[PDB]
Protein chains: 2
Amino acid sequence: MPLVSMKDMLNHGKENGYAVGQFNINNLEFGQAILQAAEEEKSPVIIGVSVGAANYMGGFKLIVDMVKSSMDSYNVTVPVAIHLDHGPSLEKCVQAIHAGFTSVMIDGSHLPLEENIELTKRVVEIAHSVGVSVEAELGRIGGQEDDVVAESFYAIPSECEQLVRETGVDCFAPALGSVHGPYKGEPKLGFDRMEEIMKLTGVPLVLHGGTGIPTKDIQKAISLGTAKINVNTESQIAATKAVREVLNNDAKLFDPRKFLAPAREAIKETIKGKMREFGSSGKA
Amino acid sequence: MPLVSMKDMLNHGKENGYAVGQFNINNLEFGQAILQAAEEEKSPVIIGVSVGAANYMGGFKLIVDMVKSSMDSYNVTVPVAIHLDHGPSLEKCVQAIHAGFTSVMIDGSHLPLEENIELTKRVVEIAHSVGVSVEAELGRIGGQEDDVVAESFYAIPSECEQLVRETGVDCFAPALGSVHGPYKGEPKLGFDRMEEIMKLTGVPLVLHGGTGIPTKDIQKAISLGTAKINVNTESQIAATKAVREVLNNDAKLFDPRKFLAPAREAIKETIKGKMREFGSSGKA
């Protein structure tokens, strides 16, 4: 019943026209919500961890132990991967792998293409010694404060062809108009480039900034080889709304469990919704 | 640093005129705050766990795993016990011990003396097979519901003498006016009876209902052999006020960690104050 890499689940997704969601563990409470969503939807799932979330929770190894303890406690039978989101360095990837992560994203996208390929290739060499999956990136994900995405931040498909051939990465994140947080207007996704990058790379693609992409775009991204979609802030927002609401309705409430339990129910419903939109439901 | 039973820490307390606090882990990140409070105060500490809290967090084994993982990642050097609070049955004591609990309270105080004695003796037999410490009770702790504490609820000292002698428990909780949650007014602790119970039993005594027990009352309980004092609702009340405040002062906050972080800080400061008040600061 144990943890798995993203390799088999993203290939099964690419083969059958669906996407696995990655949902980031914000804090320890979230972890349980993500697993019971996946268990209830008979969905594979990817638990994303940021370096910042890891610092908040007490490290990579505590998060692995707690996901493994939770899978045991809730009888989780669906495929679960633990993935380092936007890993900044070889050192952090090694540390995440040593802690028991099953997957890493080495984000070399801020580097020159050759430096990115070198760094990525070194992480792959490590990861593939021990059954770990690797994600890499080209181009740049919109920041919340950036307004519309500069055309210069879009991945160039011929660079994507080279990076994936030269590194051996299992899956690839081309930045094609994605943003972190609320889309300012319509999402401007480069579907023609996505199709090219799909065709040139032959690996499962990854869509960052899945919060606010409508079923039309999601369904289009999946048709063009997207097998992994990252949804983070939608869950954070559903959690905090649920807390604000129970505090505002009941001034006497003093047991944190009475505001954490509604938070958990909201996170779980958000995630089940996405597992249903992505077509991961019933695939486990 | 391994977990330890309550045996040595409560003896050191009794012998030097201080008490060890029990702080109940309400949810997974209360645990962090309790261990950080202990480490910073160089204090022993007891992490209390209810059956209700274990049900919320995913069971006894997951809680023990998480406490050990946290101890490991925050380099905890102080003595830490994990104690089953008001254990309702031999079955729950066994399930807690099997999961790695170092201490149980078997609460037979609603049964006839002779049944409480027999139940307690059976749990001691099990617990003392594997270096687990045991707490028992006579008389009954009130609730904010019934206000004034009936005299029929106070432990009878000759019954305390018989139960402790017949069972071999390590420590003992006499209900002597304690209440869970807030006091109607001033607490009516039976200190003459407490002193008698200390002399006739010769084991460290436990004070339940420590939330909102004035300082003089606490200091007097320690002087008459209370070496363990349970504080729960104070910490719940401090976490929830920090959460209300931060959400009230920022309408656009959406990242749960931004409300969790000051909750953790309010808990830790609450628990540090208790550790100075009981005198366990500096004792580790």
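Cβ placement follows ideal geometry from the backbone for every residue including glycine, while neighbour counts extend to all protein chains displayed. Only the coordinates and a few stated rules stand behind these numbers; no lab work does.
Key figures
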| quantity | calculated |
| --- | --- |
| In segment B:261-284, the residues that are touching a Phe, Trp or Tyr at 6+ places or on another chain (Cβ under 8 Å), touching a residue at least 40 places away in the same chain (Cβ under 8 Å) and of a type outside the set (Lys, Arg) | B:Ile267, B:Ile271, B:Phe278, B:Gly279, B:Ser280 |
| Verdict on B:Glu166 being more than 20 Å from the chain's Cα centre (by Cα) and either closer than 22 Å to B:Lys7 by Cα or part of a loop (DSSP other than H, G, I, E, B) (or both) | yes |
| Verdict on A:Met105 being crowded, with 17+ Cβ neighbours inside 10 Å and within 12 Å of another protein chain (Cβ to nearest Cβ) | no |
| Enumeration of residues in segment A:255-280 that are surrounded by fewer than 19 Cβ atoms within 10 Å (Cβ to Cβ) and either assigned to a loop (DSSP other than H, G, I, E, B) or among the acidic types (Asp, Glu) (or both) | A:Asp255, A:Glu265, A:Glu269, A:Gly279 |
| Hits in segment A:237-283 (condition: acidic (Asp, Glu), within 21 Å of B:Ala263 (Cα to Cα) and within 26 Å of the chain's Cα centre (by Cα)) | A:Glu265 |
| Meets criteria (touching a residue at least 24 places away in the same chain (Cβ under 8 Å), buried (at least 21 other Cβ atoms within 10 Å of the Cβ) and more than 14 Å from chain B (Cβ to nearest Cβ)) for A:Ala37 | yes |
| Qualifying residue in segment A:84-94 (condition: within 14 Å of another protein chain (Cβ to nearest Cβ), touching a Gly at 6+ places or on another chain (Cβ under 6 Å) and within 18 Å of A:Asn24 (Cβ to Cβ)) | no |
| Scope segment A:226-253; condition in a helix (DSSP H, G or I) and in contact with a strand residue (DSSP E or B) (Cβ under 8 Å, 6 or more places away or on another chain); matching residues | A:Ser235 |
| Segment B:190-220 - residue that is over 22 Å from B:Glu277 (Cα atoms) and touching a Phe, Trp or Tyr at 6+ places or on another chain (Cβ under 9 Å) and, of those, surrounded by the fewest Cβ atoms within 10 Å (Cβ to Cβ) | B:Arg193 |
| First in segment B:175-201 and in contact (Cβ under 8 Å) with a residue 60 or more places away in the chain and on the phi < 0 side of the Ramachandran plot, second anywhere and of a type in the set (A, V, I, L, M, F, W, C) and part of a helix (DSSP H, G or I), Cβ under 9 Å, 6 or more apart | B:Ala175/B:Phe153 |
| Yes/no for B:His98 being surrounded by fewer than 24 Cβ atoms within 10 Å (Cβ to Cβ) and under 17 Å from the mean Cα position of the chain (by Cα) | no |
| Output for segment A:123-141, where each listed residue is over 15 Å from A:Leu84 (Cβ atoms) and free of Cβ contacts under 8 Å to residues at least 40 places away in the same chain | A:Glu125, A:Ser129, A:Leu138, A:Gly139, A:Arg140 |
| Every residue from segment B:178-188 that is under 14 Å from B:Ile229 (Cβ atoms) and over 18 Å from the mean Cα position of the chain (by Cα) | B:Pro187 |
| Given (1) under 17 Å from B:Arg140 (Cβ atoms); (2) buried (at least 19 other Cβ atoms within 10 Å of the Cβ), number of the condition B:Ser152 does not satisfy | (2) |
| Where A:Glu234 falls short, out of the listed (1) within 16 Å of the chain's Cα centre (by Cα); (2) away from chain B (no Cβ under 14 Å) | (2) |
| Wholly within segment A:1-103, helices (runs of 4 or more DSSP H) carrying at least 1 residues that are out of contact with any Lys or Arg (no Cβ under 7 Å at 6 or more places or on another chain) and under 21 Å from A:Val123 (Cβ atoms) | A:7-16, A:51-57, A:60-73, A:90-98 |
| Scope segment A:180-230; condition within 14 Å of chain B (Cβ to nearest Cβ) and within 20 Å of A:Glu135 (Cβ to Cβ); matching residues | A:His180, A:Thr211 |
| Qualifying residue in segment A:7-20 (condition: within 14 Å of chain B (Cβ to nearest Cβ) and either in contact with a strand residue (DSSP E or B) (Cβ under 7 Å, 6 or more places away or on another chain) or within 24 Å of A:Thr226 (Cα to Cα) (or both)) | no |
| Qualifying residue in segment B:55-75 (condition: more than 10 Å from chain A (Cβ to nearest Cβ) and under 21 Å from B:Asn11 (Cα atoms)) | no |
| Qualifying residues in segment B:239-263 (those that are under 20 Å from A:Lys252 (Cα atoms) and basic (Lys, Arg)) - the one farthest from the other protein chains (Cβ to nearest Cβ) | B:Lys241 |
